[PDB]
């Protein structure tokens, strides 16, 4: 299978231009079978962005939005989907709990089918509920059951703060010494990312004492995409449960949670899944646990639908992850997520991931060619990253982030002088990447 760099160079040869020519980007966009999906989203205009310097930009041009890994752009249909439910609420009020396209009682279940291909799990293995870190806790209350022999939680060092705090509070709940019980894998000296061989070594050596491995699927800062099946198998070989925070993985990289035998997972919906700030989150528990791992905290929405409304206070618990669902689901959040998931249905993760490899590969190619001063922290192997590249710079005189945002590039900063950029296949183009790299080159040359 042709690597992105090789595709770019071959296309350039065919076009009779240099691989760094704008025509290469324009051609890749012409050949992009997912090109039309860009029209499904509200893309901000450059002139409308708060930090933009109008004197450096062309009005009425679209922003170069590379922050879809943090706050995904809005599907145009969100309003329409919300209107369907507001209209029902206006027309029949309480009766909307039981009737319509999204009966409110089963609003979550009405759209969960659309998640099956995204995470690679069955409908009974997925719940759409609450918020990401909330779900992490609900799952950990059941999966983390420390003993004198097996009490550790294994995670990456410099994990996302919410997960870090969640794990710390879980350990504190059991009166466990944090320094001794919170095992955090640090990179080798002079590296920011983890080597799979090093992770597996820790698991092999310390696995007997580890109750739960809780890793990110994709690391938020380095952009490293961890080998989920390998970590899962290694942990399970030592008797650990293995779960993942897939905040940066879902809707980005392909996932097969069931087939890989992942024990549990959770994710948010407002990043690659484009559902809007604080949107309804997700949880997965492998069906193999449905009768053995029970919810720690129960509410009425974990009671089987068939008898729930008898209200006789005789719990009939739904097996598997839906037993962990505590409260009635927020229809308005279901609406916005639904609009997004219909788009994913049409695009397919297979096709999206294929475009992402070429799109991020093209970005990497242009960066490496022009400045090979500029360091890509994200792993170079195509299977070891998603959309996002994390880049650092060595320019004492320039704040590269500030100069980019003034010009309508929307991305994330980390210190001292670096950036997170994540071109996404649904609504970013190869031309976006071309434009970005030329703005960057111009900034670095002063």
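Residue numbers count along the first chain shown, from 1.
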query: Residues of the deposited sequence that sit between residue 373 and residue 372 yet are not modelled; finding: 4 to 9
query: Given 4-12 and 435-443, the range whose Cα B-factors average higher in the PDB entry; finding: 435-443
query: Mean temperature factor over C-alpha atoms, higher-scoring stretch between 262-270 and 113-121; finding: 113-121
query: Out of 346, 74, 130, 193, residue topping the C-alpha B-factor column of the entry; finding: 193
query: Third of chain Cα B-factors occupied by residue 92; finding: lowest
query: Modelled-residue ranking by C-alpha temperature factor, third containing residue 327; finding: lowest
query: Residue 311 CA temperature factor, ranked by third within the chain; finding: highest
query: Residue 218 CA temperature factor, ranked by third within the chain; finding: middle
query: Lowest, middle or highest third - CA B-factor, residue 355; finding: lowest
